[PDB]
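Each chain gets a letter, A, B and so on, in the order its sequence line appears, and its residues count up from 1. Below, all heavy atoms of this structure are taken into account, side chains as well, without hydrogens, waters or symmetry copies.
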Amino acid sequence: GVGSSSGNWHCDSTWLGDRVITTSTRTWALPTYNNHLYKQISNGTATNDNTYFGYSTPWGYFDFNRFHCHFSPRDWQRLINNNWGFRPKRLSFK
Amino acid sequence: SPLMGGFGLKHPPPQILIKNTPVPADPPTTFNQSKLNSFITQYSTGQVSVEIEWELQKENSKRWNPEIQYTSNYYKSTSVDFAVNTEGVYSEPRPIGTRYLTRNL
């Protein structure tokens, strides 16, 4: 519905036993990229070491591949001062 | 609450009293009513174990920035803090308090 929220704000970290569940919510803004076009992009001889051929797309993408996207500095302190190791197990994205 | 700190208990851990039982030296062969004052010189040694279970109050804090934590100094030193020296003497270099995490009032 137009007048009903489709989700709630979920920023939190729950430490339970040998697990920590970080959840983070952010507000994003997506412009129209490339005027909806796919554009071939290139760079020539710039030195040869920096040449490329590729494509710019009208699509954006979501990146959360940094630890501070999920851990607050205090949560990071909790993690690093008390654990010999950690690893991701599962993720949910909304 | 005890003024030098800690837990005030109406019924604290009981005092554990220990004594070497006196072992008389050889008494005289004729009866003497006087209490014996000649004792075999004696001492005892052993092991003592005390196990205390402590309940913890976990911090449930929404503080964003990192907290103050007790940490050992990273820089090099002649000896490790809270370790023995070259003579085998264990030393505590500083009094470690207990209040490092934070709460709102």
With a 4.5 Å cut-off on side-chain heavy-atom distances among I, L, V, M, F, W and Y, is there a chain of contacts connecting [X] to [Y]?
X: A:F64; Y: A:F71; answer: no
X: B:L3; Y: B:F7; answer: no
X: A:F93; Y: A:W28; answer: yes

Practice prompt. Would you mind listing the cluster partners of B:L101? Hydrophobic ones only (ILVMFWY), side-chain contacts under 4.5 Å, chaining allowed.
Written response: none

Worksheet item: Does B:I40 sit in a hydrophobic cluster with other residues, and if so which ones, taking ILVMFWY side chains as linked at heavy-atom separations under 4.5 Å, directly or through other members?
Response: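 Reading the cluster by chain and number, B:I40 sits alongside B:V23.
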
Over 12 foreign heavy atoms within 6.0 Å of [atom1], [X]:
X: B:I68; atom1: CD1; value: no
X: B:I96; atom1: CD1; value: yes
X: B:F82; atom1: CZ; value: yes
X: A:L16; atom1: CG; value: no

Item to complete: Name, in order of residue number, those residues of residues 42-62 of chain A that have a heavy atom at a distance of less than 4.5 Å from a heavy atom in chain B; otherwise write 'none'.
Response: none

Under 3.5 Å, which donor-acceptor pairs link chain A to chain B? Give each pair on its own line with the distance.
from: A:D12; atom 1: OD1; to: B:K62; atom 2: NZ; distance (Å): 2.6
from: A:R74; atom 1: N; to: B:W64; atom 2: O; distance (Å): 3.0
from: A:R74; atom 1: NH2; to: B:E59; atom 2: OE2; distance (Å): 3.1
from: A:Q77; atom 1: OE1; to: B:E67; atom 2: N; distance (Å): 2.6
from: A:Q77; atom 1: NE2; to: B:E67; atom 2: O; distance (Å): 2.7
from: A:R78; atom 1: NE; to: B:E59; atom 2: OE2; distance (Å): 2.5
from: A:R78; atom 1: NH2; to: B:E59; atom 2: OE1; distance (Å): 2.9
from: A:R78; atom 1: NH2; to: B:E59; atom 2: OE2; distance (Å): 3.4
from: A:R78; atom 1: NH2; to: B:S61; atom 2: O; distance (Å): 3.0

